[PDB]
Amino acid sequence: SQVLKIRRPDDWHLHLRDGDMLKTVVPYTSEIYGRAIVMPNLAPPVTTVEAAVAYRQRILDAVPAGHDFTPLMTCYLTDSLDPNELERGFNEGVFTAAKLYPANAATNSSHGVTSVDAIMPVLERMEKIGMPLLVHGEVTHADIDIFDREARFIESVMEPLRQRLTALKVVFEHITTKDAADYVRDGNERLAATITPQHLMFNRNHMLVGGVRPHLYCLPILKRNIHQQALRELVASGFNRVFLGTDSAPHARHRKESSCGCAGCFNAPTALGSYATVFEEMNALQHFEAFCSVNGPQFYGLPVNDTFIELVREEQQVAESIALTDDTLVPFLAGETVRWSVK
């Protein structure tokens, strides 16, 4: 059976949570990926150097003996963040990047951004010092249809911001639309993107035909098939400013399978093999390694990993669930037979 040997990958978009959940989920990342961009949306969010240092240590504490795994921390951008605090964290090697979540005029200044215009001082500082901005590019105005929120962000925020701050480096995280695919494809060397396995593998029909499937419910929402196909064609093209970002985003089963299910797919256990399946189906396996292991490092200005892992094309069964201290976690593709697995 067939083997794909690649330089050890990294995960450029990850949620590790905290406490007991962190302890459970970290190994699924640390056994496979050399590094991961660790998102800062804890409760409360990671908005200071001190919090990020402490969080980094909790993550490191949870890494099993012998895994060579480095968490790359992020700062959650808020209205009240001091640009001097962000800069110090960047300078000290604590913050690899800063994350911008959608603006909301009603957000507490300690927990988020009211409008992009309101945090220009901090965005200018990142431009000045060369710190990459990671963007969850949606506008969340109550009068915008949810399937439109990504496209509206491009027009309303992304293009204006990049015109205003022409040296700013930006990753358009977890892109989900042809709009974003074209936008990133047509951008310059300062603009990149991550794509999750679920947005390559599925479209909204998979979440809604035959039943509603909360384990496919994530933000940005799965879009119509034309968008799925655009994403697939983008990674398959060999375009070298798109790279692996799982957006692995774990929630307890009872929080997913409820009257108001949380957004996020726990895909760390099955993501790498899921990407291999997509690249294989697109006849584009020659671009697979770069996506997983080269493009991200290149964009972030970091070294490519010098060790290797192998995927084997032999069928395995994904666990139905993964025990937590309380409740259980349902992994992405739970119970399914998958095509590629790590040797």
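Throughout, we count residues from 1 along the sequence that is shown.
- Look at the mean CA B-factor for 312-320 and for 275-283 in the entry; the higher one is 312-320.
- Of the candidates 134, 249, 146, 105, the deposited coordinates give 105 the top C-alpha B factor.
- Highest C-alpha temperature factor among 80, 237, 205, 229, as the PDB entry reports it: 237.
- Among all modelled residues in its chain, residue 70 ranks in the middle third by Cα B-factor.
- Among the modelled residues of the chain, residue 162 sits in the highest third by CA temperature factor in this PDB entry.
- Among all modelled residues in its chain, residue 19 ranks in the highest third by Cα B-factor.
- Residue 48: CA B factor in the highest third of modelled residues in this chain (values from the PDB entry).
- Ranked by C-alpha B-factor against the other modelled residues of its chain, residue 123 falls in the middle third.
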